[PDB]
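Data first, discussion second: the structure below is written as structure tokens.
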Amino acid sequence: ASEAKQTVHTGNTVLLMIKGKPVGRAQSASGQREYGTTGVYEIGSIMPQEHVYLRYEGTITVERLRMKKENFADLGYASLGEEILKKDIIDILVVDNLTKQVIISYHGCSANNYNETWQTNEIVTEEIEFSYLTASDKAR
Amino acid sequence: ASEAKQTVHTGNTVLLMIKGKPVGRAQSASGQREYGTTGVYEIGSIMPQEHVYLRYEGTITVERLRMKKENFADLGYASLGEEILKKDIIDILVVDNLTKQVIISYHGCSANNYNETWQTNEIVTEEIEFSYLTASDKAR
Amino acid sequence: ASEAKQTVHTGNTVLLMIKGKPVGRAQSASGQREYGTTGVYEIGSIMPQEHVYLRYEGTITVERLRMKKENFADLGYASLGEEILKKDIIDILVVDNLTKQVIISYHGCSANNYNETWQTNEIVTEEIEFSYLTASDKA
Amino acid sequence: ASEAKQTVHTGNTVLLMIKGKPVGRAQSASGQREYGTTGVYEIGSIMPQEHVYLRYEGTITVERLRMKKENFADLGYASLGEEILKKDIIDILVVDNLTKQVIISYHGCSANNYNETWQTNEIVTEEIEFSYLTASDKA
Amino acid sequence: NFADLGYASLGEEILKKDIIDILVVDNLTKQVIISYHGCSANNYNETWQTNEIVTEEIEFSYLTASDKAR
Amino acid sequence: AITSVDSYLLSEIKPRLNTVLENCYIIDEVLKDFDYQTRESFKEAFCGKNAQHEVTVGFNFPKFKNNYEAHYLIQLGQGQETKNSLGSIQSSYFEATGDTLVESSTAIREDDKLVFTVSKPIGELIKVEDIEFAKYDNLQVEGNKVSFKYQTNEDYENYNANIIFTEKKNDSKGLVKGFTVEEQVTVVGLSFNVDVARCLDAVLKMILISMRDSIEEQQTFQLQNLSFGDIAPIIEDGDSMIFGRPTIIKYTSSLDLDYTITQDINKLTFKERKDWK
Amino acid sequence: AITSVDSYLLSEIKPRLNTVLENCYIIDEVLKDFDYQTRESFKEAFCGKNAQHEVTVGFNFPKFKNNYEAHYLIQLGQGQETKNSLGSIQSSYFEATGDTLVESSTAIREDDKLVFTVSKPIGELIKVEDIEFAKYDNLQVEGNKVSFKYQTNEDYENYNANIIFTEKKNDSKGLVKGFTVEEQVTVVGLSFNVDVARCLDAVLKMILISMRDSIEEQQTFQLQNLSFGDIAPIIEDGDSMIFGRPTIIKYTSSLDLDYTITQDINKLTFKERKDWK
Amino acid sequence: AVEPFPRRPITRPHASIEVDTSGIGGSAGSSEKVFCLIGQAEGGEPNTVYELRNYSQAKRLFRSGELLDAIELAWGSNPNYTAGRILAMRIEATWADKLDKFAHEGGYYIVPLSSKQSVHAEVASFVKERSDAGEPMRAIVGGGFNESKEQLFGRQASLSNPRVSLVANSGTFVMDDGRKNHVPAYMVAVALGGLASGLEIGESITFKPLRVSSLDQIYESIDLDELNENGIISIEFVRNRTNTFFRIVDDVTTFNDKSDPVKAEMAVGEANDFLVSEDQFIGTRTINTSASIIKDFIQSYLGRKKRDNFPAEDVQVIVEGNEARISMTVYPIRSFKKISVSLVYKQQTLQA
């Protein structure tokens, strides 16, 4: 089927964007979300009477091939040392490659960890994990 | 054997339905159930005298390929942010594809977590987990 | 003498048609089809108890001499580069040459691979393979 | 002179029958069969102690020239599309041509794959493969 | 089987077992290679499968081991 | 059936050769690659309704003298059986079917049906030209007539069609038993003028290409394959030489017989009998 | 056995040729593809009970003149051994078995059994036509008779059947030792009329197709394969030429001998003997 | 049949109901084995067949005669079984014209209350004439007060018929009035006919007891074997126990043949008289067939059926003239006459 006619999104149908510039060499992104959903129980039944949401948490992980320029460290989206204290929260967008309409925004991303690996006969890799405040179907 | 004559259910013989609409692109569903079964012991024997049920718990997980429209987020069956607080519990049905007779209902599903993954050269995937109150051979 | 009670199709008896044009100089067409038939086994006997169909799959492969005009690339059915992303599915018909009557239809064809071989003592050969959604015949 | 004390079956001696009709222009039939024979080993010797049968499997493969009528698709035994889901199992009989006496029966056949090849200097060929539940002979 | 030979237990009968010695022995000479002394069962396990040989597994704790028989 | 490739070729070539030779622009197209004078001389001599010379076709070994100016000699060649069926069953039938036929016909109204009449009993209908009927149209065949519902079709009350069908001999069961043979026939265009031999070669190749589409060698005589010999003197010791260029036409075809089965079974019956031992 | 393909073909062709030629509609079906006048002339001359001409069959190199109007000349050809068994053991038997036979017979009551009588001692019974017996029926064979329980079968007290069986020579053990040979025989229909040669070719091909189903070449002489030569003058310097079209019939068959074994062992016996060293 | 409602047809717009009752019909089971008697009585209107249902009704219609004693024995030999209907007729010489009256009275066993051999031959002829028709019957007969073995053999040979049994012994019955009534052997035949009528369909009177006070003659084992082999029923005085009783040795028939149970043994003949007997695919669906592929097809069919719910050695197929007869063997329920015990003494090593 034509890319204009596929019913499912695929890696070529989407773009990853930060501060309005496309993230090159992006290999993967993984978005996770938890609500702390907890079941309530009482004397007289063995079964949960209802479920309630307690604590939202979510993390977005991004993995890339390390470029010779415009790395996360070079672009200022990642930190190696004290400079982490001088970063501020950022918004990460996943965007329709055809229309440039936003598909998902992650709001208020803040880095959890940053990782690099060097190998004899392979492309260098970057991986970064951000915790985020909220997500939405739309830009802020 | 003809589909009308198979003794075992297979993926093509069943449908997954929510609020009376078929869930498209469904890849898998996994249903788990625990009763808290605990053995009672006493002085004078090394062996359990009986087993008793204490606490029912169950979760239903659904995994899909992410569609360009009618996602769980688009259909309102999943939440990304504060909107989780404004959801309410839903019933998920697994249904005979020939007769549209219900095979299993899961009652009072409430979301535990929601997950997305983007890849260079693969179809985008959704996974969602609901805790539920009860299950039955029949609709509510 | 011409008898219907026995007759077989032959390379001369069958037209290949795409979008209502016959494909000139087609050398072969190969249609393949699979149902994923899986046998059911259980404790208590070594015998299969049942067979179930689980996954339909099929392909149509066409070999053709590369014409100077109206190649699969010139016709637009093949793709050399990123424009593969802009080709809608096409239906390939195999048609009786005498009666102009459809023998088998391959519906929803989508290209897997495309080859060209340039060689010094031979005519140039195109070959293309499509995945298709279903096949049918009507009578 | 005609002797029974030695005789072998040959392509001319054997009919192939499905649902009580002979299959015209059948070119070959290949029956294959497997029992999963597994050897038992133990500490104390390198020798096999025993063999056990664990899983029966078998297939019947038929090649045929594609007739203009009464194909496996026209007969309904083959399937081109989703209607494979509506075909009941069929029994394939191999029968002595002289005595009309059953040589071997393949019971509960179910189609694995179906092929057609269209080629420019040849007669068109059908080929089909079935899994079957069991085979037997009666005498 | 271990259950048939009385080297394993399924229920209360475990209480009426007593400790056993298990030997690993040279197949040519029948000289002992290792003795495990005072073996007592920890767990016993069975598995049934559609198209495989049935398996037994047993674990014993033991008191001591030696190059020689008791 | 049993078949005779030589007599088929004679019967097929003669009318086609006549109909090309009576039609000047066909020859003018066939000979477009030849030298201008060769083309014009051939067209003047042998072609058109006023042509004073004539071509001829016949089998080898006649007892009389032939038209050695231009003559197609047909010459039955070798063959061998190539492919066999299991049990030699080429096919089976519930109703003894004859040759395939194509006939022109016109619709007529009869009792608020449309009908097409055919010269012979229809053993099987393959195609009514340019029509595909719906179930509503209540298509039925009976004897030598095809019948077709009038109600919605009144505009077609005189529609002209071609019917492709096949005869029936009789209502009987049997097995078509036989095998496939690959067989050769040679054809040579004799002329004492070499340029006439070369033109007769071109015309024959055109005729055979045109023949490949005919029902006769679509249903039988399949896989026509052509080979060509050198141009050479066929006879060398007259007052002049006679030249020709052979062509070999090879065909694959079925040789078979209708083995009718008289045995028929129309009722099973069941009985239980008791064993007191 | 040792076999003689030429004498088999002569014995098989002659009656079949006669029975086709005495039956007009068979020829009318075989020759349906020939020219109308060829067909009618052949049918007038050679066919039907009133036919004044006749066809003939015989081996090559006779000392007398033949019916050169229409004559099938049979001509034994080459062969070679093709497949061998390990130890050359083609088979083994516990009871020396003769040729396969098919005979018509009728049931009769005898002492509250039904019996079928056969002309020769039954070495093995292959099939009683259209009957499959149950164990209750107490099927037994004895000498040259087949016997069958009457009690439940009284309706069949005069039932008519065909018995397929094989002779026994004698009660002896042995090994059938031998090999397979692939062997050729040529047959040509001679006529001084070319259209008669072509019709004799068609008739012979029909006869061989019909022959493929016979017990003789189902049990032996398997895998009949046909090749066809050109039509040519066989003799060229009489007052007229004699024409023919050769066909080569190739058969695969077994050559073997009954090596009887006289050795038989009917008791083992055991003894213990003591070694005092 | 299917009933239309309304019964009248209608063409204007309407609804009509068609009722299929056939899923509920019943009473299709057998007759009971009604018992039949003919003989002397007072009071009753001669040559009229009366149904009787209890002894009081019998004494109300018939009186003061051997038919009423017969009805007494007919319900007195089987006190632990259902006392079913009896058909009885006072006969005031040919007897066929009277026996004709039973022809359409639905009763299975008959006994004439006479020892005269002409009577017995007439009754056998009547039983034949009925049983070759659609309504099977049997008869039982006996001798006088004491007949020799050679007389009994001569009688059986003269009366040798597969639907007649002769009883040899005679004896004394205690009647319900307390009378020690000495009776000829045909009243013992009435008693056996009563028992056989009381037993289930294809039960057998062998080794059933006879409630008789004494017998005129006691036969030793060799004489019991002689009478049994000649197809004559005899009564054994069981002496091997303190609880002595009289036992019916066997249900043999005056036609004796080793080659057919159905004519030798009364109970299997009755089963055959009362037993009950219990899909098509047509050749147009196939190009050609044979008995071999018919057999293999029907074997595959019944294999599938018996898997959902037959031995290939036990089905026979004959094809003739476009018709195929498929014949199954089936096994009916017989009754044991022989028990063979092989007793093997082994010995065993005990250890402790």
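From first to last, the protein sequence lines stand for chains G, G', A, A', G'', M, M' and B. A prime marks a further copy of an entry chain.
Residue numbers for the first sequence, in PDB author numbering: 2 to 141.
Residue numbers for the second sequence, in PDB author numbering: 2 to 141.
Residue numbers for the third sequence, in PDB author numbering: 2 to 140.
Residue numbers for the fourth sequence, in PDB author numbering: 2 to 140.
Residue numbers for the fifth sequence, in PDB author numbering: 72 to 141.
Residue numbers for the sixth sequence, in PDB author numbering: 2 to 278.
Residue numbers for the seventh sequence, in PDB author numbering: 2 to 278.
Residue numbers for the eighth sequence, in PDB author numbering: 2 to 93, 318 to 503, 510 to 540, 545 to 587.
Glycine residues also receive a C-beta, built at the ideal position from the N, C-alpha and C atoms.
- Item | Residues of its chain near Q220 (chain M'), where Cβ-Cβ distance is below 7 Å and the 5 sequence neighbours each way are ignored | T101
- Message: For a test of the three-state rule: what should DSSP assign to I458 (chain B), helix, strand or coil?
- Response: For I458 (chain B), the secondary structure class from DSSP, reduced to helix, strand or coil, is strand.
- Query: When the cut-off is 8 Å and only beta carbons count, does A74 (chain A) lie next to chain M?
  - Reply: no
- Item | Where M48 (chain A') sits in the DSSP three-state scheme | The answer is strand: DSSP assigns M48 (chain A') an E or B state.
- Message: For a contact defined as C-beta to C-beta under 8 Å, what are the partners of residue 152 (chain G) on chain A?
- Response: Given a span of 2 to 141 for chain G in the structure shown, any question on residue 152 (chain G) remains unanswerable.
- Closer than 8 Å to chain A by CB, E43 (chain A'): no
- For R13 (chain B), count neighbouring Cβ atoms within 10 angstroms of its own Cβ and tell me buried if that reaches 16, exposed if not. Flag for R13 (chain B) reads exposed.
- Nearest to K64 (chain M) by alpha carbon, out of M':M242, M':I235 and M':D138? M':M242
- Message: Judging by CA-CA distance, which residue of G:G40, G:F131, G:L66 and G:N122 is the nearest neighbour of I85 (chain G)?
- Response: The residue with the shortest Cα to Cα distance from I85 (chain G) is G:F131.
- Task: Please report how far the alpha carbon of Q264 (chain M') lies from the alpha carbon of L201 (chain M'), in whole angstroms.
- Result: 55 Å
- Query: Would you call the CB atoms of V177 (chain M) and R246 (chain M) closer than 8 Å?
  - Reply: no
- Task: Under 8 Å between beta-carbons, which chain G' residues line up against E35 (chain G)? List them in chain order, please.
- Result: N113 and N114
- Please name the residues in the segment 80–99 of chain M whose beta-carbon is closer than 9 Å to at least one beta-carbon of chain A', in chain order. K84, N85, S86, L87, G88, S89, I90, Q91, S92 and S93
- Message: In this structure, how does DSSP classify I85 (chain A) when only helix, strand and coil are distinguished?
- Response: helix
- Once you ignore the five residues that flank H52 (chain A') on each side, which residues in its own chain have a CB closer than 8 Å to its CB? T38, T39, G40 and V41
- Query: Name the chain A' residues that come within less than 7 Å of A30 (chain A), Cβ to Cβ?
  - Reply: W119
- Given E133 (chain M') as reference, the closest of B:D527, B:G556, B:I574 and B:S385 once Cα atoms are compared: B:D527
- Can you give me the Cβ contacts of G32 (chain G) inside the same chain, cut-off strictly under 6 Å, excluding the 5 residues immediately before and after it? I61
- Message: Let me confirm a value: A198 (chain M') is counted as buried when at least 16 other C-beta atoms fall within 10 Å, else exposed. Which label applies?
- Response: A residue is called buried once 16 or more other Cβ atoms fall within 10 Å of its Cβ, and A198 (chain M') is buried on that count.
- When the Cβ atoms of the segment 43–50 of chain M' are set against those of the segment 153–161 of chain M', are three or more pairs found closer than 8 Å? no
- Message: So, with DSSP's three-state summary, where would you put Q225 (chain M)?
- Response: strand
- Buried/exposed call for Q79 (chain M'), threshold 16 Cβ in 10 Å: exposed
- Task: Give a yes or no on whether 8 Å exceeds the smallest Cβ distance from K139 (chain A') to chain B.
- Result: At least one chain B Cβ lies under 8 Å of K139 (chain A').
- Segments of 4+ residues assigned as alpha helix (DSSP H) that fall wholly inside the segment 3–73 of chain G': none
- Item | N-terminal and C-terminal residue of the beta strand (DSSP E) that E130 (chain G) is part of | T126 to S132
- Item | Test: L224 (chain M) CB closer than 8 Å to a CB of chain A | Chain A contact via Cβ: present.
- Message: How far does the alpha helix (DSSP H) with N519 (chain B) in it extend, from its first residue to its last?
- Response: Per DSSP, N519 (chain B) belongs to no alpha helix (DSSP H) and is neither H nor E.
- Task: Using the Cα positions of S32 (chain B) and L38 (chain B), report the straight-line distance between them to the nearest angstrom.
- Result: 18 Å
- Task: Check each residue of the segment 548–575 of chain B: if its Cβ is closer than 8 Å to any Cβ of chain A', include it; give the result in chain order.
- Result: none
- Alpha carbon to alpha carbon, what distance is there between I430 (chain B) and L417 (chain B)? 8 Å
- Task: In the DSSP assignment, find the alpha helix (DSSP H) that holds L201 (chain M) and state where it starts and stops.
- Result: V195 to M212
- Query: Can you list, in chain order, the residues of the segment 51–83 of chain A' whose Cβ is nearer than 8 Å to any Cβ on chain A?
  - Reply: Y54, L55, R56, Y57, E58, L66, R67, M68, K69, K70, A74, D75, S80, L81, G82 and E83
- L94 (chain A') at chain M interface by Cβ criterion, 8 Å: Cβ-Cβ to chain M under 8 Å: no for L94 (chain A').
- Closer than 7 Å at the beta carbon, the chain G' residues around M48 (chain G): Taking the beta carbon of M48 (chain G) as reference, the chain G' residues within 7 Å of it are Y57, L134 and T135, listed in sequence order.
- Endpoints, the alpha helix (DSSP H) within which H345 (chain B) is located: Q342 to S356
- Cβ of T126 (chain A) less than 8 Å from any chain A' Cβ? Answer no: the Cβ-Cβ gap between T126 (chain A) and chain A' never drops below 8 Å.
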